[PDB]
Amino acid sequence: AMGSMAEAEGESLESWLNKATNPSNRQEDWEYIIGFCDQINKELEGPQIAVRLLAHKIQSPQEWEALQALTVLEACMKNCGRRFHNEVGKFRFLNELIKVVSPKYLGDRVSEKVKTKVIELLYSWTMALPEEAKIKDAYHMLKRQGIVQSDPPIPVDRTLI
C-alpha cells in the first residue's frame, strides 16, 4: 500500500526524528541527530522514508521543530551518501521545500528564519551537488519568481566546491 513507511521501518525512523527534533530540546542533540543518519544508512528504504519524514517536520508550524529538522536534513546530506542525495534531488521532495517558502502555500505562516535556512540549503546544494540537476531547477525557478532575489551567503569550508 504505502510501503515500509506504514511499517516498523517508518515508525522507527519517525520515532528517531521526534527525538532529534523535539521542541523541548535545550539545543541540538547530536546523539539523536547522527543516530537518525545511522538508521538511514542501515535501512533499505531509509532515504525514501527519511526525506518524506524530514519534509513533513520542516513544514511544521512550530519554529524550533522545523529548524532542528533542517539541521537533521543537513546532517543527512553530509552523512548518508549519494543514496540520500539522490532522493533529495527529486521534485517529489523539493516541491515540499518550495511550499515552505512560497506564499501561495505555507509561505505566509513560516518564520523568516526557516525560509532563509531553506534557501541557504538549496543554494548550498547547487554549489556542492552539481550532479543533482533537479535541485538547481528548483532553485532557479525560485529566482525566476522573485522568492529568491539574490543568492545568499552560506557556510563554507575547504571541503566545499
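All residue numbers are counted from 1 along the displayed sequence.
Relative to one another, 23-31 and 42-50 have unequal mean CA B-factors, and 23-31 is the one with the higher figure.
Judged by mean Cα B factor in the deposited record, 127-135 ranks above the other of 127-135 and 90-98. When the CA B factors of the chain's modelled residues are split into thirds, the value for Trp64 lands in the lowest one. Residue-level temperature factors show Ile58 in the lowest third of its chain, judged at the C-alpha atom. Remark: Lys117 belongs to the lowest third of its chain, ranked by C-alpha B-factor as recorded. When the modelled residues of the chain are ordered by their C-alpha B factor, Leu70 lands in the lowest third.
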